[PDB]
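One letter stands for each residue in the lines below.
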Amino acid sequence: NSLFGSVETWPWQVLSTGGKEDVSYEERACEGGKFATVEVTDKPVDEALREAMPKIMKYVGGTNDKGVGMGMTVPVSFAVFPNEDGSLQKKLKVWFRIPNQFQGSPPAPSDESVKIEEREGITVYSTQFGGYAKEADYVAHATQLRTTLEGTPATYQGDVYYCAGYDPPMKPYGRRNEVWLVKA
């Protein structure tokens, strides 16, 4: 009668894929699912990330309204805003991507700083790469992602990019990463 499977997590619209070695792109339209996001201001991206991490982990750690102690972790992504001067604008918005099972029913935000917001309507270019990533690698991948998207009508708004990883990598913990550019 009803047909479902175990492999289903984020239905999105991928238009195509096809980049370069290491930096490979995919332009896709977002699920539109509800995610847990925290935005930090006043504090630089360095501080904002480390300050937002507690806020993300406290949510899945048990400080959620449903009292879920299931610490579920998939790659976490945060938006950064680079100015044309090369300097990042001090505003950082962390998006915590919720696993599919919890998309159907996510716990309510019991912390005022973390909000469950749904994001749809926009198209992103995502580059998936593997290896030991440092903070510079995210920037470099964004740089190369722009370089690879060169010659296309792809424009970006605020040149915003998102950096995805399971943890903030210093060296070994951060082997799978994503960088998302949003088309203007």
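Residues numbered from 1 in each chain as written, not as in the entry; some residues may be left out. Heavy atoms only, no water.

This part covers the pattern of salt bridges. This model, assessed by the stated rule, comprises eight salt bridges. Residues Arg 28 and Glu 26 are paired through a salt bridge, measuring 2.7 Å at the closest nitrogen-oxygen approach. Across this residue pair, the class does not change: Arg 28 and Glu 26 are buried. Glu 178 serves as the salt-bridge partner of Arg 28, at 2.8 Å between the closest nitrogen and oxygen. Of the two residues, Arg 28 is situated in strand β2 (residues 25-29) and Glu 178 in strand β9 (residues 176-183); the sequence distance between them amounts to 150 residues. What makes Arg 28 buried here is its relative accessible area of 7%. (Salt bridge = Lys/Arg side-chain N within 4 Å of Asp/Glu carboxyl O. Buried < 20%, exposed > 50% of the residue type's maximum accessible area, 1.4 Å probe, protein only. Helix = DSSP H or I, 4+ residues; strand = E, 2+ residues; numbered from the N terminus.)

Moving on, we get to the packing of aromatic side chains. Under the counting rule described, the total for this entry stands at three aromatic pairs. Considering the side-chain rings of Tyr 125 and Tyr 156, the 6.2 Å spacing of their centres and the 90 degrees angle between planes classify their relative orientation as edge-to-face. Of this pair, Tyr 125 sits in strand β7 (residues 123-130) while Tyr 156 sits in strand β8 (residues 156-165), and the two are 31 residues apart along the sequence. Taking relative accessible area as the criterion, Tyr 156 reaches 18% and is therefore assigned buried. Aromatic pair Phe 129 and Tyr 138: ring centres 6.4 Å apart, planes at 75 degrees, arrangement edge-to-face. The class for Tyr 138 is buried, based on a relative accessible area of 5%. Across from the ring centre of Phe 81, 5.4 Å away, lies the NZ or CZ of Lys 91, which sits over that ring. (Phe/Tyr/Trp six-rings, centres within 6.5 Å; stacked < 30°, edge-to-face > 60°. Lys NZ or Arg CZ within 6 Å of the ring centre and 35° of its normal.)

Right, let's get into the sheet that holds strand β3 (residues 34-41). Taking strand neighbours across the sheet as the criterion, the nine strands line up as β1-β2-β7-β9-β8-β4-β5-β3-β6 in an open arrangement whose pairing is antiparallel. What marks the edges here is a single partner per strand, and that holds for β1 (13-17) and β6 (115-118). Direction aside, the axes of adjacent strands within the sheet are offset by 30 degrees on average. (Pairing = 2+ DSSP bridges. Axes fitted to C-alpha atoms, helices over the stretch in contact; angles between N-to-C directions.)

Here we come to unusual backbone geometry. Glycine aside, a negative phi is what most residues show, and trans is what most peptide bonds show. Positive phi values are uncommon outside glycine, yet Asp 22 reaches one of about 75 degrees. Relative to the helices and strands, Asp 22 is located in the loop between β1 and β2. Judged by its relative accessible area of 38%, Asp 22 falls in the partly exposed class. With phi around 60 degrees, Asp 159 is a residue other than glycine that occupies positive phi space.

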